$ cat entry-v5.cif   # mmCIF, C-alpha atoms and all ligand atoms
data_my_file
loop_
_atom_site.label_atom_id
_atom_site.label_comp_id
_atom_site.auth_asym_id
_atom_site.auth_seq_id
_atom_site.Cartn_x
_atom_site.Cartn_y
_atom_site.Cartn_z
CA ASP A 45 -6.47 42.97 -35.93
CA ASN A 46 -7.55 40.52 -33.23
CA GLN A 47 -5.90 37.07 -33.54
CA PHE A 48 -9.19 35.28 -32.97
CA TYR A 49 -12.35 35.15 -35.05
CA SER A 50 -15.72 33.58 -34.61
CA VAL A 51 -17.20 30.98 -36.89
CA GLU A 52 -20.72 29.67 -36.58
CA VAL A 53 -20.44 25.87 -36.65
CA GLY A 54 -23.77 24.13 -36.34
CA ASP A 55 -25.57 25.78 -33.47
CA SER A 56 -22.25 26.63 -31.85
CA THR A 57 -20.02 29.64 -32.36
CA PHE A 58 -16.35 28.74 -32.33
CA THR A 59 -14.12 31.69 -31.76
CA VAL A 60 -10.72 30.39 -32.58
CA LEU A 61 -7.29 31.65 -33.60
CA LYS A 62 -7.06 32.58 -37.28
CA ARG A 63 -4.72 29.64 -37.78
CA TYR A 64 -7.71 27.39 -37.38
CA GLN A 65 -9.93 27.69 -40.39
CA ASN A 66 -12.64 25.92 -42.37
CA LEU A 67 -14.29 24.84 -39.13
CA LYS A 68 -16.86 22.19 -39.84
CA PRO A 69 -19.09 19.92 -37.66
CA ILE A 70 -17.33 16.64 -37.06
CA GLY A 71 -20.77 15.12 -36.84
CA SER A 72 -21.94 12.24 -34.71
CA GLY A 73 -18.30 11.53 -33.95
CA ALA A 74 -18.12 14.81 -32.06
CA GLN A 75 -17.44 13.98 -28.41
CA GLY A 76 -18.82 17.24 -27.19
CA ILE A 77 -18.95 20.51 -29.03
CA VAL A 78 -16.18 19.52 -31.34
CA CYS A 79 -15.64 20.37 -34.97
CA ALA A 80 -13.06 19.68 -37.67
CA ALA A 81 -10.66 22.45 -38.59
CA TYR A 82 -7.66 23.15 -40.75
CA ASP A 83 -4.63 24.32 -38.77
CA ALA A 84 -3.07 26.71 -41.29
CA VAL A 85 0.01 26.86 -39.10
CA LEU A 86 0.63 23.13 -38.83
CA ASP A 87 -0.99 22.48 -42.18
CA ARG A 88 -2.91 19.75 -40.41
CA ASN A 89 -6.57 19.16 -39.84
CA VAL A 90 -7.47 19.37 -36.17
CA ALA A 91 -10.44 18.75 -33.94
CA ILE A 92 -11.37 21.73 -31.86
CA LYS A 93 -13.41 20.94 -28.84
CA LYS A 94 -15.11 23.85 -27.17
CA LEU A 95 -15.91 23.80 -23.52
CA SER A 96 -18.38 26.49 -22.65
CA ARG A 97 -18.12 27.56 -19.04
CA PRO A 98 -16.56 24.22 -17.95
CA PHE A 99 -16.44 25.46 -14.38
CA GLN A 100 -20.25 25.62 -14.23
CA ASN A 101 -21.03 22.43 -12.27
CA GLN A 102 -18.58 20.37 -10.22
CA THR A 103 -18.37 17.05 -11.98
CA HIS A 104 -17.86 18.77 -15.34
CA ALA A 105 -15.21 21.21 -14.18
CA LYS A 106 -13.38 18.35 -12.50
CA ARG A 107 -13.58 16.14 -15.56
CA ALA A 108 -12.71 18.92 -18.00
CA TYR A 109 -9.74 19.79 -15.84
CA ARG A 110 -8.57 16.24 -15.36
CA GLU A 111 -8.98 15.76 -19.11
CA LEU A 112 -7.10 18.87 -20.05
CA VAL A 113 -4.39 18.22 -17.50
CA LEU A 114 -3.95 14.61 -18.55
CA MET A 115 -4.14 15.26 -22.22
CA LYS A 116 -1.29 17.74 -21.80
CA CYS A 117 0.68 15.33 -19.68
CA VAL A 118 0.25 12.11 -21.65
CA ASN A 119 2.12 11.73 -24.91
CA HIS A 120 1.28 8.36 -26.36
CA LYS A 121 0.33 7.40 -29.91
CA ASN A 122 -2.93 5.81 -28.85
CA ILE A 123 -4.10 8.62 -26.61
CA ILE A 124 -5.40 11.73 -28.31
CA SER A 125 -2.73 14.40 -27.94
CA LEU A 126 -3.35 18.03 -27.16
CA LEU A 127 -2.22 20.07 -30.14
CA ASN A 128 -3.11 23.28 -28.41
CA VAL A 129 -5.50 24.76 -25.89
CA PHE A 130 -6.75 28.32 -25.72
CA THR A 131 -9.56 30.66 -24.91
CA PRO A 132 -10.69 33.80 -26.72
CA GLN A 133 -11.08 35.56 -23.36
CA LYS A 134 -8.02 37.43 -22.05
CA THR A 135 -8.89 37.36 -18.36
CA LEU A 136 -10.11 34.96 -15.70
CA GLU A 137 -13.08 37.30 -15.30
CA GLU A 138 -14.09 37.26 -18.95
CA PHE A 139 -13.08 33.64 -19.17
CA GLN A 140 -15.92 31.46 -20.55
CA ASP A 141 -14.94 28.94 -23.23
CA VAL A 142 -11.97 26.61 -23.59
CA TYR A 143 -10.89 25.24 -26.94
CA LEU A 144 -8.90 22.04 -27.10
CA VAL A 145 -7.15 21.55 -30.40
CA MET A 146 -6.02 18.08 -31.17
CA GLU A 147 -5.12 16.07 -34.22
CA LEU A 148 -8.13 15.08 -36.28
CA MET A 149 -8.48 11.44 -37.22
CA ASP A 150 -10.56 10.13 -40.05
CA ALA A 151 -13.11 8.10 -38.18
CA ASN A 152 -13.96 6.78 -34.76
CA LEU A 153 -14.38 3.07 -34.01
CA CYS A 154 -18.13 3.19 -34.63
CA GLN A 155 -17.35 3.78 -38.26
CA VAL A 156 -14.47 1.26 -38.34
CA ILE A 157 -16.66 -1.30 -36.63
CA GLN A 158 -19.02 -1.13 -39.56
CA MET A 159 -16.19 -1.89 -41.97
CA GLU A 160 -15.88 -5.42 -43.30
CA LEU A 161 -13.92 -7.31 -40.68
CA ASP A 162 -10.24 -7.36 -41.55
CA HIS A 163 -7.88 -9.20 -39.21
CA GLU A 164 -4.80 -7.06 -39.70
CA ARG A 165 -6.82 -3.90 -39.17
CA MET A 166 -8.87 -5.28 -36.28
CA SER A 167 -5.77 -6.79 -34.79
CA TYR A 168 -3.77 -3.55 -35.09
CA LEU A 169 -6.55 -1.43 -33.62
CA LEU A 170 -7.03 -3.76 -30.69
CA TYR A 171 -3.33 -3.82 -30.14
CA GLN A 172 -3.41 -0.07 -30.16
CA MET A 173 -6.25 0.13 -27.68
CA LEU A 174 -4.47 -2.20 -25.33
CA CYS A 175 -1.45 -0.01 -25.67
CA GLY A 176 -3.20 3.20 -24.88
CA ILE A 177 -5.16 1.44 -22.21
CA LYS A 178 -1.91 0.08 -20.88
CA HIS A 179 -0.35 3.52 -20.79
CA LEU A 180 -3.38 4.86 -19.00
CA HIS A 181 -3.26 1.99 -16.56
CA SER A 182 0.44 2.44 -16.03
CA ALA A 183 -0.51 5.93 -14.86
CA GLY A 184 -3.19 4.76 -12.49
CA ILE A 185 -5.74 5.61 -15.13
CA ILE A 186 -8.39 3.03 -15.69
CA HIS A 187 -10.77 4.21 -18.33
CA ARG A 188 -13.84 2.13 -17.41
CA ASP A 189 -15.62 4.00 -20.17
CA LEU A 190 -13.96 3.00 -23.40
CA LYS A 191 -16.46 3.12 -26.23
CA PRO A 192 -16.33 3.37 -30.06
CA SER A 193 -17.47 6.98 -29.92
CA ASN A 194 -14.49 7.97 -27.76
CA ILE A 195 -11.84 6.18 -29.85
CA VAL A 196 -10.85 7.42 -33.28
CA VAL A 197 -8.52 6.21 -35.95
CA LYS A 198 -6.67 7.56 -38.93
CA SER A 199 -6.69 6.02 -42.41
CA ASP A 200 -3.43 4.32 -41.61
CA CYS A 201 -5.24 2.70 -38.73
CA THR A 202 -3.71 4.85 -36.08
CA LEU A 203 -5.97 4.51 -33.13
CA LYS A 204 -6.31 7.11 -30.46
CA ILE A 205 -8.47 7.22 -27.39
CA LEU A 206 -10.21 10.56 -27.05
CA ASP A 207 -10.83 10.77 -23.30
CA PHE A 208 -9.32 9.55 -20.07
CA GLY A 209 -12.56 7.92 -19.02
CA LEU A 210 -14.05 7.95 -15.55
CA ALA A 211 -11.94 8.99 -12.59
CA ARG A 212 -11.55 6.72 -9.58
CA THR A 213 -15.28 6.69 -8.73
CA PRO A 222 -27.76 7.17 -17.00
CA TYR A 223 -28.58 9.73 -19.72
CA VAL A 224 -26.28 9.99 -22.79
CA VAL A 225 -24.07 7.30 -21.27
CA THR A 226 -23.12 4.63 -23.76
CA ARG A 227 -23.13 1.84 -21.23
CA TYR A 228 -23.02 -0.83 -23.90
CA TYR A 229 -19.29 -1.27 -23.26
CA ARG A 230 -19.05 -0.87 -19.54
CA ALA A 231 -17.61 -3.86 -17.83
CA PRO A 232 -19.95 -5.83 -15.52
CA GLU A 233 -18.06 -4.91 -12.38
CA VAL A 234 -18.70 -1.31 -13.29
CA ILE A 235 -22.34 -1.61 -14.24
CA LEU A 236 -22.88 -3.73 -11.11
CA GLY A 237 -20.95 -1.16 -9.06
CA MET A 238 -18.27 -3.51 -7.81
CA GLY A 239 -14.68 -2.47 -7.36
CA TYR A 240 -12.45 -2.79 -10.40
CA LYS A 241 -8.90 -3.08 -11.60
CA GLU A 242 -7.12 -2.48 -14.87
CA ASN A 243 -8.70 -5.44 -16.61
CA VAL A 244 -12.02 -3.68 -16.29
CA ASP A 245 -11.10 -1.97 -19.58
CA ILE A 246 -10.43 -5.34 -21.22
CA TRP A 247 -14.13 -5.87 -21.04
CA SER A 248 -14.71 -2.68 -22.96
CA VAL A 249 -12.21 -3.82 -25.58
CA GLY A 250 -13.88 -7.21 -25.75
CA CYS A 251 -17.25 -5.59 -26.41
CA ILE A 252 -15.65 -3.54 -29.12
CA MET A 253 -13.77 -6.39 -30.73
CA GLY A 254 -16.86 -8.55 -30.63
CA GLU A 255 -18.91 -5.76 -32.13
CA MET A 256 -16.36 -5.36 -34.88
CA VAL A 257 -17.04 -9.00 -35.72
CA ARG A 258 -20.75 -9.22 -34.99
CA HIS A 259 -21.19 -5.68 -36.29
CA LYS A 260 -23.87 -5.34 -33.70
CA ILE A 261 -23.51 -4.05 -30.19
CA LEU A 262 -22.99 -7.19 -28.14
CA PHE A 263 -24.93 -5.91 -25.16
CA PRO A 264 -27.65 -3.45 -26.21
CA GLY A 265 -30.09 -2.36 -23.56
CA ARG A 266 -32.54 0.41 -22.91
CA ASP A 267 -30.66 0.58 -19.62
CA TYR A 268 -28.44 -1.69 -17.54
CA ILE A 269 -31.18 -4.20 -16.85
CA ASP A 270 -31.47 -5.36 -20.46
CA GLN A 271 -27.74 -5.10 -20.80
CA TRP A 272 -27.05 -7.50 -18.02
CA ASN A 273 -29.56 -9.95 -19.40
CA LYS A 274 -27.99 -9.71 -22.87
CA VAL A 275 -24.65 -10.29 -21.18
CA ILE A 276 -25.63 -13.31 -19.12
CA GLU A 277 -27.73 -14.64 -21.94
CA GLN A 278 -24.66 -14.85 -24.12
CA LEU A 279 -21.83 -15.33 -21.63
CA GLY A 280 -23.89 -17.36 -19.20
CA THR A 281 -24.44 -16.59 -15.54
CA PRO A 282 -21.28 -15.52 -13.67
CA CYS A 283 -19.78 -17.78 -10.99
CA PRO A 284 -20.80 -17.42 -7.33
CA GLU A 285 -17.38 -15.92 -6.64
CA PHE A 286 -18.55 -13.01 -8.76
CA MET A 287 -22.03 -12.89 -7.25
CA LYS A 288 -20.54 -12.80 -3.77
CA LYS A 289 -18.59 -9.68 -4.75
CA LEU A 290 -21.96 -8.11 -5.59
CA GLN A 291 -23.47 -5.73 -3.12
CA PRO A 292 -26.08 -7.60 -1.06
CA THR A 293 -28.84 -5.78 -2.87
CA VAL A 294 -27.52 -6.21 -6.38
CA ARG A 295 -26.45 -9.80 -5.91
CA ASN A 296 -30.02 -10.45 -4.92
CA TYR A 297 -31.33 -9.09 -8.24
CA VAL A 298 -28.64 -10.69 -10.27
CA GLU A 299 -28.62 -14.08 -8.57
CA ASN A 300 -32.39 -14.17 -8.96
CA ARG A 301 -32.08 -13.69 -12.67
CA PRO A 302 -32.89 -16.51 -15.12
CA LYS A 303 -29.97 -18.97 -15.16
CA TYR A 304 -28.08 -18.94 -18.45
CA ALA A 305 -25.35 -21.37 -19.42
CA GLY A 306 -24.59 -18.80 -22.07
CA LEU A 307 -23.67 -19.36 -25.70
CA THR A 308 -20.19 -20.53 -26.57
CA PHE A 309 -17.96 -18.02 -28.27
CA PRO A 310 -17.86 -20.05 -31.50
CA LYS A 311 -21.60 -19.54 -31.56
CA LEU A 312 -21.48 -15.99 -30.22
CA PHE A 313 -19.09 -15.18 -33.06
CA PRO A 314 -19.72 -17.80 -35.81
CA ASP A 315 -17.30 -18.52 -38.64
CA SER A 316 -19.57 -16.65 -40.99
CA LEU A 317 -18.49 -13.40 -39.33
CA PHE A 318 -14.93 -14.16 -40.30
CA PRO A 319 -12.95 -14.72 -43.54
CA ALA A 320 -12.86 -18.37 -44.58
CA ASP A 321 -10.45 -18.72 -47.50
CA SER A 322 -6.83 -18.83 -46.24
CA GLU A 323 -5.84 -21.01 -43.30
CA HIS A 324 -4.57 -17.74 -42.03
CA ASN A 325 -8.18 -16.53 -41.73
CA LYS A 326 -9.16 -19.88 -40.22
CA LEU A 327 -6.47 -19.57 -37.57
CA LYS A 328 -7.19 -15.86 -37.07
CA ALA A 329 -10.90 -16.54 -36.76
CA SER A 330 -10.05 -19.05 -34.04
CA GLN A 331 -7.66 -16.67 -32.34
CA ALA A 332 -10.17 -13.88 -32.63
CA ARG A 333 -12.80 -15.91 -30.85
CA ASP A 334 -10.21 -17.12 -28.39
CA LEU A 335 -9.20 -13.56 -27.50
CA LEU A 336 -12.76 -12.45 -27.44
CA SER A 337 -13.46 -15.36 -25.12
CA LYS A 338 -10.68 -14.10 -22.80
CA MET A 339 -11.91 -10.52 -22.81
CA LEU A 340 -15.65 -10.97 -22.91
CA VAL A 341 -15.49 -12.55 -19.46
CA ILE A 342 -17.94 -11.27 -16.90
CA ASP A 343 -15.82 -12.11 -13.85
CA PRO A 344 -12.88 -9.72 -14.06
CA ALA A 345 -11.00 -12.10 -11.76
CA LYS A 346 -11.14 -14.47 -14.69
CA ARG A 347 -10.88 -11.86 -17.41
CA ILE A 348 -7.71 -11.55 -19.39
CA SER A 349 -5.38 -8.69 -18.64
CA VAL A 350 -3.95 -6.08 -20.94
CA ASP A 351 -0.47 -7.65 -21.04
CA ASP A 352 -1.86 -11.14 -21.66
CA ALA A 353 -4.27 -9.69 -24.22
CA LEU A 354 -1.31 -7.88 -25.74
CA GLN A 355 0.63 -11.13 -25.76
CA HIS A 356 -2.33 -13.02 -27.27
CA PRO A 357 -1.68 -14.55 -30.73
CA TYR A 358 -4.27 -12.29 -32.28
CA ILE A 359 -2.57 -9.08 -31.07
CA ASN A 360 0.84 -10.68 -30.69
CA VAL A 361 2.08 -9.78 -34.18
CA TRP A 362 2.13 -6.05 -33.48
CA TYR A 363 3.64 -6.22 -30.07
CA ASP A 364 6.48 -3.76 -29.84
CA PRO A 365 8.21 -3.66 -26.44
CA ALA A 366 9.28 -0.06 -26.71
CA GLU A 367 5.67 0.99 -27.28
CA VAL A 368 4.10 -1.33 -24.73
CA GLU A 369 6.76 -0.79 -22.08
CA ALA A 370 6.56 2.95 -22.52
CA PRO A 371 6.89 4.78 -19.15
CA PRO A 372 3.76 6.10 -17.41
CA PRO A 373 2.58 9.68 -17.99
CA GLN A 374 4.60 12.26 -16.08
CA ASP A 381 -5.43 15.50 -8.44
CA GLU A 382 -8.69 14.36 -6.84
CA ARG A 383 -9.56 17.25 -4.51
CA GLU A 384 -13.00 18.84 -4.94
CA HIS A 385 -13.49 22.61 -5.52
CA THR A 386 -15.95 25.43 -6.15
CA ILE A 387 -17.13 26.96 -9.42
CA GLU A 388 -15.15 30.15 -8.91
CA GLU A 389 -12.16 27.97 -7.94
CA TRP A 390 -12.38 25.69 -10.98
CA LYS A 391 -12.55 28.67 -13.33
CA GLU A 392 -9.07 29.69 -12.22
CA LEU A 393 -7.61 26.22 -12.21
CA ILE A 394 -8.89 25.68 -15.71
CA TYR A 395 -8.07 29.20 -16.82
CA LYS A 396 -4.51 28.87 -15.56
CA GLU A 397 -4.14 25.46 -17.15
CA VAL A 398 -5.38 26.92 -20.44
CA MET A 399 -2.97 29.82 -19.95
CA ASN A 400 -0.38 27.19 -19.20
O1 LIG B 501 -16.89 10.86 -39.55
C1 LIG B 501 -16.01 11.19 -38.56
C2 LIG B 501 -16.07 10.61 -37.26
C3 LIG B 501 -15.13 11.01 -36.28
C4 LIG B 501 -14.13 11.97 -36.58
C5 LIG B 501 -13.12 12.45 -35.58
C6 LIG B 501 -11.74 12.44 -35.89
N1 LIG B 501 -10.81 12.91 -35.00
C7 LIG B 501 -11.13 13.40 -33.74
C8 LIG B 501 -10.07 13.85 -32.91
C9 LIG B 501 -10.36 14.36 -31.63
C10 LIG B 501 -11.72 14.42 -31.20
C11 LIG B 501 -11.96 14.95 -29.89
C12 LIG B 501 -13.29 15.02 -29.44
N2 LIG B 501 -14.36 14.61 -30.20
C13 LIG B 501 -14.16 14.10 -31.46
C14 LIG B 501 -12.85 13.97 -32.03
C15 LIG B 501 -12.55 13.44 -33.37
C16 LIG B 501 -13.51 12.94 -34.32
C17 LIG B 501 -14.09 12.51 -37.88
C18 LIG B 501 -15.01 12.13 -38.86
CL CL B 502 -17.66 -16.21 -14.57
#
$ encode --input "entry-v5.cif" --output "structure tokens" --more "lines below"
Ligand SMILES: Oc1ccc(-c2cnc3ccc4ccncc4c3c2)cc1
Ligand SMILES: [Cl-]
Amino acid sequence: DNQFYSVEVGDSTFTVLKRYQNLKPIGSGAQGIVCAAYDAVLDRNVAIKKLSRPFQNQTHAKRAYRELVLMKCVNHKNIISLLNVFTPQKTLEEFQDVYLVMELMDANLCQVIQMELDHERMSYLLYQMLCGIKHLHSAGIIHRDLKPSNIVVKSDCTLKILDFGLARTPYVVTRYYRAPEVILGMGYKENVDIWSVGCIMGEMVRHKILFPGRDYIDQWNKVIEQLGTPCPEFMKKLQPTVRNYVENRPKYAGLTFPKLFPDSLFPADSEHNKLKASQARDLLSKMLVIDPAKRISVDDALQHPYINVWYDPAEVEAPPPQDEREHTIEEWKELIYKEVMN
């Protein structure tokens, strides 16, 4: 009469509570071993992420913990919420897998990005990312790794960020949206995520990853090629070694934003589209700014004409979410186990 049951999903076996049924592979949108499921209890589809032996290595355990802990703690419309967490195992000993249940959206930004550019939709989404991002920031959380695959949205355009990005600190690492200061290993501040949002917004318009690269090298060139070489102030912030490589790169004036994001990528009928196209590029221009010292901030971005319309004080001025010590496998198992056991 066990309350759990195992269901083979893809090459994974999800052993979840009976309430969760019709488990199915989310697909490419799966940020981990995640699958779609129907929560009989809540009569709501949910995404069930499975973490097999999270405590195995260090980094992972730490991240999985931080994630789980934060996800529980945060409660914001644009940050994936934790519908429920559990493990089939009944003891720390037996403990192996952790299943995070969270609302299931209908698509992630990758998908959305491929949709015909709509200003209300793009505007709303962006507003929503800034929001989430703002909430994260207001908690000392600076994502630094915002990407279309880790942001999902419902049909009603509700946008939610899946993970709490990097923690104060490259295989299968979508670096296409990492801010320059990150890529180039410089320090960073909140506006480091504005870059990520710029890349996304631009991509929504261009429909092509703005800065594709087989690695960071190509990326940087694609960056500079389009946004032009950064100012010496930026260079100077570069580690001696890096700065050397970067500064010795081919000098690019960089394409203007009107050219980076032509009018043909935007609606042309209404003057509304004409203005919005202009605002879009404007915003983009303020986000897709190599030098974070010169890059627009979340509040300013939020107050930008393009996002302006959705601005809701209550949402934006929502109070921050209610550690960083290393551990050992055996120690992380407990921490995580307890957290799962609440
Ligand atoms: O085609 C797609 C593309 C993406 C999703 C989708 C929707 N919601 C969610 C919600 C939480 C998630 C947590 C971790 N990984 C993926 C998703 C997820 C994925 C669903 C269908
Ligand atoms: Cl610059």
$ closest_atom_pairs --input "entry-v5.cif" --of "chain A" --to "ligand CL 502 (chain B)" --cutoff "9 Å" --atoms "only C-alpha atoms and all ligand atoms" --output "Markdown table"
| residue | atom | partner | partner_atom | distance |
| --- | --- | --- | --- | --- |
| A:279 | CA | B:CL502 | CL | 8.2 |
| A:280 | CA | B:CL502 | CL | 7.8 |
| A:281 | CA | B:CL502 | CL | 6.9 |
| A:282 | CA | B:CL502 | CL | 3.8 |
| A:283 | CA | B:CL502 | CL | 4.4 |
| A:284 | CA | B:CL502 | CL | 8.0 |
| A:285 | CA | B:CL502 | CL | 7.9 |
| A:286 | CA | B:CL502 | CL | 6.7 |
| A:341 | CA | B:CL502 | CL | 6.5 |
| A:342 | CA | B:CL502 | CL | 5.5 |
| A:343 | CA | B:CL502 | CL | 4.6 |
| A:344 | CA | B:CL502 | CL | 8.1 |
| A:345 | CA | B:CL502 | CL | 8.3 |
| A:346 | CA | B:CL502 | CL | 6.7 |
| A:347 | CA | B:CL502 | CL | 8.5 |
$ closest_atom_pairs --input "entry-v5.cif" --of "chain A" --to "ligand LIG 501 (chain B)" --cutoff "9 Å" --atoms "all atoms listed in the file" --output "tab-separated table"
residue	atom	partner	partner_atom	distance
A:69	CA	B:LIG501	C18	8.9
A:70	CA	B:LIG501	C17	5.3
A:71	CA	B:LIG501	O1	6.4
A:72	CA	B:LIG501	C2	6.6
A:73	CA	B:LIG501	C3	4.0
A:74	CA	B:LIG501	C13	4.1
A:75	CA	B:LIG501	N2	3.6
A:76	CA	B:LIG501	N2	6.0
A:77	CA	B:LIG501	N2	7.6
A:78	CA	B:LIG501	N2	5.4
A:79	CA	B:LIG501	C13	7.3
A:80	CA	B:LIG501	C17	7.2
A:89	CA	B:LIG501	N1	9.0
A:90	CA	B:LIG501	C8	6.9
A:91	CA	B:LIG501	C9	5.0
A:92	CA	B:LIG501	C11	7.1
A:93	CA	B:LIG501	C12	6.0
A:124	CA	B:LIG501	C9	6.5
A:125	CA	B:LIG501	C9	8.5
A:144	CA	B:LIG501	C11	8.2
A:145	CA	B:LIG501	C9	8.0
A:146	CA	B:LIG501	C9	5.7
A:147	CA	B:LIG501	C8	5.6
A:148	CA	B:LIG501	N1	3.7
A:149	CA	B:LIG501	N1	3.5
A:150	CA	B:LIG501	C17	4.8
A:151	CA	B:LIG501	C2	4.0
A:152	CA	B:LIG501	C3	4.6
A:153	CA	B:LIG501	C3	8.3
A:154	CA	B:LIG501	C2	8.1
A:155	CA	B:LIG501	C2	7.0
A:193	CA	B:LIG501	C3	7.9
A:194	CA	B:LIG501	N2	7.1
A:195	CA	B:LIG501	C15	8.1
A:196	CA	B:LIG501	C6	5.7
A:197	CA	B:LIG501	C6	7.0
A:198	CA	B:LIG501	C6	7.7
A:204	CA	B:LIG501	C8	8.1
A:205	CA	B:LIG501	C9	8.5
A:206	CA	B:LIG501	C11	5.5
A:207	CA	B:LIG501	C12	7.9
$ residues_around --input "entry-v5.cif" --residues "region 262-271 of chain A" --least-positions-apart "2" --cutoff "9 Å" --atoms "all atoms listed in the file" --output "list in words"
residues 222, 227, 228, 229, 235, 236, 251, 252, 254, 255, 258, 259, 260, 273, 274, 275, 276 and 278 of chain A
$ residues_around --input "entry-v5.cif" --residues "region 84-87 of chain A" --least-positions-apart "6" --cutoff "9 Å" --atoms "all atoms listed in the file" --output "short mmCIF file (atom, residue, chain, number, x, y, z; two decimals) with C-alpha atoms, in the coordinates of the input"
data_model
loop_
_atom_site.label_atom_id
_atom_site.label_comp_id
_atom_site.auth_asym_id
_atom_site.auth_seq_id
_atom_site.Cartn_x
_atom_site.Cartn_y
_atom_site.Cartn_z
CA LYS A 62 -7.06 32.58 -37.28
CA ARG A 63 -4.72 29.64 -37.78
CA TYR A 64 -7.71 27.39 -37.38
CA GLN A 65 -9.93 27.69 -40.39
#
$ residues_around --input "entry-v5.cif" --residues "residue 230 (chain A)" --least-positions-apart "6" --cutoff "7 Å" --atoms "all atoms listed in the file" --output "short mmCIF file (atom, residue, chain, number, x, y, z; two decimals) with C-alpha atoms, in the coordinates of the input"
data_model
loop_
_atom_site.label_atom_id
_atom_site.label_comp_id
_atom_site.auth_asym_id
_atom_site.auth_seq_id
_atom_site.Cartn_x
_atom_site.Cartn_y
_atom_site.Cartn_z
CA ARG A 188 -13.84 2.13 -17.41
CA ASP A 189 -15.62 4.00 -20.17
CA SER A 248 -14.71 -2.68 -22.96
#
$ residues_around --input "entry-v5.cif" --residues "region 365-381 of chain A" --least-positions-apart "5" --cutoff "6 Å" --atoms "all atoms listed in the file" --output "PyMOL selection string"
chain A and resi 118+175+179+182-183
$ closest_residue --input "entry-v5.cif" --among "A:210, A:61, A:126, A:238" --to "residue 293 (chain A)" --atoms "all atoms listed in the file"
A:238
$ closest_residue --input "entry-v5.cif" --among "A:234, A:249, A:277, A:156" --to "residue 191 (chain A)" --atoms "all atoms listed in the file"
A:249
$ atom_distance --input "entry-v5.cif" --atom1 "CA of residue 47 (chain A)" --atom2 "CA of residue 131 (chain A)"
11.4 Å
$ decode --input "entry-v5.cif" --residues "region 178-191 of chain A" --atoms "N, CA and C atoms" --output "PDB file, in the first residue's frame"
ATOM      1  N   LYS A 178      15.134  41.094 -10.010  1.00  0.00           N
ATOM      2  CA  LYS A 178      15.223  42.122  -9.001  1.00  0.00           C
ATOM      3  C   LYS A 178      15.045  41.477  -7.642  1.00  0.00           C
ATOM      4  N   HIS A 179      14.102  40.555  -7.543  1.00  0.00           N
ATOM      5  CA  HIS A 179      13.858  39.896  -6.267  1.00  0.00           C
ATOM      6  C   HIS A 179      15.115  39.147  -5.853  1.00  0.00           C
ATOM      7  N   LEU A 180      15.698  38.429  -6.796  1.00  0.00           N
ATOM      8  CA  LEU A 180      16.895  37.687  -6.519  1.00  0.00           C
ATOM      9  C   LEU A 180      17.942  38.652  -6.015  1.00  0.00           C
ATOM     10  N   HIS A 181      18.148  39.722  -6.771  1.00  0.00           N
ATOM     11  CA  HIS A 181      19.146  40.710  -6.398  1.00  0.00           C
ATOM     12  C   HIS A 181      18.907  41.259  -5.038  1.00  0.00           C
ATOM     13  N   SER A 182      17.653  41.600  -4.766  1.00  0.00           N
ATOM     14  CA  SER A 182      17.262  42.143  -3.476  1.00  0.00           C
ATOM     15  C   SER A 182      17.498  41.127  -2.358  1.00  0.00           C
ATOM     16  N   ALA A 183      17.975  39.943  -2.707  1.00  0.00           N
ATOM     17  CA  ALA A 183      18.239  38.931  -1.709  1.00  0.00           C
ATOM     18  C   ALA A 183      19.734  38.645  -1.714  1.00  0.00           C
ATOM     19  N   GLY A 184      20.463  39.400  -2.521  1.00  0.00           N
ATOM     20  CA  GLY A 184      21.889  39.168  -2.611  1.00  0.00           C
ATOM     21  C   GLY A 184      22.142  38.105  -3.665  1.00  0.00           C
ATOM     22  N   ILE A 185      21.090  37.722  -4.371  1.00  0.00           N
ATOM     23  CA  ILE A 185      21.245  36.719  -5.401  1.00  0.00           C
ATOM     24  C   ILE A 185      21.383  37.388  -6.747  1.00  0.00           C
ATOM     25  N   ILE A 186      22.486  37.060  -7.397  1.00  0.00           N
ATOM     26  CA  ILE A 186      22.781  37.599  -8.695  1.00  0.00           C
ATOM     27  C   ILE A 186      22.984  36.370  -9.538  1.00  0.00           C
ATOM     28  N   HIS A 187      22.001  36.115 -10.383  1.00  0.00           N
ATOM     29  CA  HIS A 187      21.986  34.942 -11.217  1.00  0.00           C
ATOM     30  C   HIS A 187      23.248  34.663 -12.033  1.00  0.00           C
ATOM     31  N   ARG A 188      23.692  35.641 -12.813  1.00  0.00           N
ATOM     32  CA  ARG A 188      24.870  35.490 -13.665  1.00  0.00           C
ATOM     33  C   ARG A 188      24.725  34.364 -14.669  1.00  0.00           C
ATOM     34  N   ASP A 189      23.665  33.574 -14.576  1.00  0.00           N
ATOM     35  CA  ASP A 189      23.508  32.500 -15.533  1.00  0.00           C
ATOM     36  C   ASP A 189      22.088  32.323 -15.986  1.00  0.00           C
ATOM     37  N   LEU A 190      21.479  33.450 -16.332  1.00  0.00           N
ATOM     38  CA  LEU A 190      20.125  33.490 -16.848  1.00  0.00           C
ATOM     39  C   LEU A 190      20.220  33.097 -18.310  1.00  0.00           C
ATOM     40  N   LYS A 191      19.402  32.133 -18.706  1.00  0.00           N
ATOM     41  CA  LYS A 191      19.406  31.657 -20.075  1.00  0.00           C
ATOM     42  C   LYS A 191      17.999  31.176 -20.395  1.00  0.00           C
TER      43      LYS A 191
END
